[PDB]
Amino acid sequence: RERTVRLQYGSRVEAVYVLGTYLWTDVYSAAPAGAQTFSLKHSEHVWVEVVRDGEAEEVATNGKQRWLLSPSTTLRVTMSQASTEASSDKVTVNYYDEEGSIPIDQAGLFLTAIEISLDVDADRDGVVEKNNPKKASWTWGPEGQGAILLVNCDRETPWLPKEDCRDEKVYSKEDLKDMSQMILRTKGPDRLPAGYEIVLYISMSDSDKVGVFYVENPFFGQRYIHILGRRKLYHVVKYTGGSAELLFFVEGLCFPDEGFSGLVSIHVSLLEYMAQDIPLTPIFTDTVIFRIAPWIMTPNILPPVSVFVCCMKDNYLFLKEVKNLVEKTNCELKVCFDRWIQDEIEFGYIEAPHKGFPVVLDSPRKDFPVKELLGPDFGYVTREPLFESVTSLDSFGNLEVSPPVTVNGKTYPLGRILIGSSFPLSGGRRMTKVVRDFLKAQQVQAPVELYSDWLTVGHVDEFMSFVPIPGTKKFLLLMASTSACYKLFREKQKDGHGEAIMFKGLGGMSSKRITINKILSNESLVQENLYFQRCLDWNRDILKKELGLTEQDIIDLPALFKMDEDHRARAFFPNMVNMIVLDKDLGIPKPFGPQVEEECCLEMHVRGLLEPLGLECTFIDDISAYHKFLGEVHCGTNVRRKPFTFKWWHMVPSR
């Protein structure tokens, strides 16, 4: 970087030189009128070139050489090392008139060289490298660079209700582990020359996106000073001489969102004092950029860590069977004494090269948010509509994510988020804009809308799920199918089982005496379910298109629905597709289907589809404690999973 510093007529100029720049110096304006030629001297650590109309010649420290004074003959001045107390760094120019060799005037430039660099971990290894030339930009991909910042959305200590980033304070040194390091490195003499200061600053816009802390170690203990952030746009730095480093810690306050790309900047400037009432001049500025890490969800293929379960204390069969299932795995079981656990929360995560933690997204309200999961390295985020009203499609049974897929040659290494919606011209329900905008803004999961509004509850988890194919890297899409159910029931009827009773053992259903015959002879129900299969198939097509799936990737599970007053579907028997996936082990809702030879024909059919693939099926009964099934699921489960091995910053999302 070339910087302009002119000699001053008759007088001397003192200037700070920042390493990494160089000066072009006009010697012509300072020359007295009528002066003909000039000569120069310079000190050992200052390199001087005479540049005549573009041609540069290096000049000795003490020469007698003279050049003609011209506006197009100038100096180029360079320094490679910072000044010390032992330094006298200078260039002096002597001027001569036509006759005589004794100087008629002199002008001089006194320099103090300093190093100033604001450094971050741009190369994404967790340590802060010295002056990465790419630190002022942010690029995606394995070859990409620029520093990454976490939203510090967890909570270090229990004594306050709020996430760490909601204030300007740090109470605990553990908090600094969540932050990104930024070091201001300087080198120079004992003090800056008179009239200079170094200042760190951010824009007003970024002031609600970041906070920056400095750690002091005074007499009575470590303390944490907020130097940049909400209502603090600049900080005057205390300069220390010699080679010095100041360590800062940076926290993100906000996720990427509608209107915020996630990128923020921090600057340091060397300022020069001019006069009173005149603003200080930014002599040198160095900038670093951070990108705030996105919130990322976890598909069912990922390794399970903890199974969170909610039910009533007396649903014993449910708790026993879930406990049994989880005992086949290495997962933790966590129980709370009832659908809020699947509907109100989605477990995501955030990651930076130095750290990562799980983060809960809280569904919009339910008159109160569930914040009780907020804790050390367990974060919280929520979005609420300002105007738009919430519907069932805002529940997180309506929020899921695919396994990694490749679609028309484009890879989605983190999978793609799936949310249920209605048709564009329908006037139907849709998830709130505020949540949709949030998911879209995270960018790395490239969300897809499916059609869920044909269902009364309206959730994608009612009709589809994903399971791994054991011993491989592949997966299957499972789809609810009414046609599969009618085919199976018609077969059992032909086989002599038409009088087989459903809902056996649910005493509240007994008086209805529902049999295969009764179901198959209901004409209006057949028509309704043909229509629901059209709805399922429309979704099948969107999923095949947007996930790059073929029929080879899909298994259909028998399902049956009943239509409500709105022409929307509710489950006739429990939806088996919405299942707990722990690797090869599947907790499947117990369907209570028609009994043939004392086994449920739905259970037997589903085992016949899944077991050959090495999937182990356990049927879980959540409804027996309620004595009947009306289409409503009472209990809930949510599985917190390990994050993807693939680092999100290694993706290259579309423009």
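For every residue, the number given is its place in the sequence shown, counted from 1. Between two forms, the rigid core is the largest collection of C-alphas that superpose within 1.5 Å.
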Of 83-91 and 132-140, which departs more from this form in 6 other deposited structures of this protein by CA RMS after core fitting: 83-91
More variable segment, 514-522 or 288-296 [Cα RMS over structures in 6 other deposited structures of this protein, core-superposed]: 514-522
Across other compared entries, residue 234 missing in at least a third: no
Residue 20 not built in a third or more of the other entries: no
Missing from the model but present in the deposited sequence, between residue 365 and residue 366: 4 to 9
Deposited but uncoordinated residues in the residue 337/residue 338 interval: 4 to 9
Stretch with the higher entry mean CA B-factor, where the candidates are 528-536 and 409-417: 409-417
Stretch with the greater mean C-alpha B-factor as recorded in the entry, comparing 443-451 against 79-87: 79-87
Residue of maximum C-alpha B factor among 239, 503, 96, 249, per deposited coordinates: 239
Identity of residue with top Cα B-factor, from 545, 267, 487, 323: 323
Third of the chain's Cα B-factor distribution that residue 603 belongs to, per the entry: lowest
Position of residue 650 among the chain's modelled residues by C-alpha B-factor, lowest, middle or highest third: middle
Record-listed C-alpha B factor of residue 201: chain third: lowest
B-factor third for the C-alpha atom of residue 168 within its chain: highest
B-factor third for the C-alpha atom of residue 590 within its chain: lowest
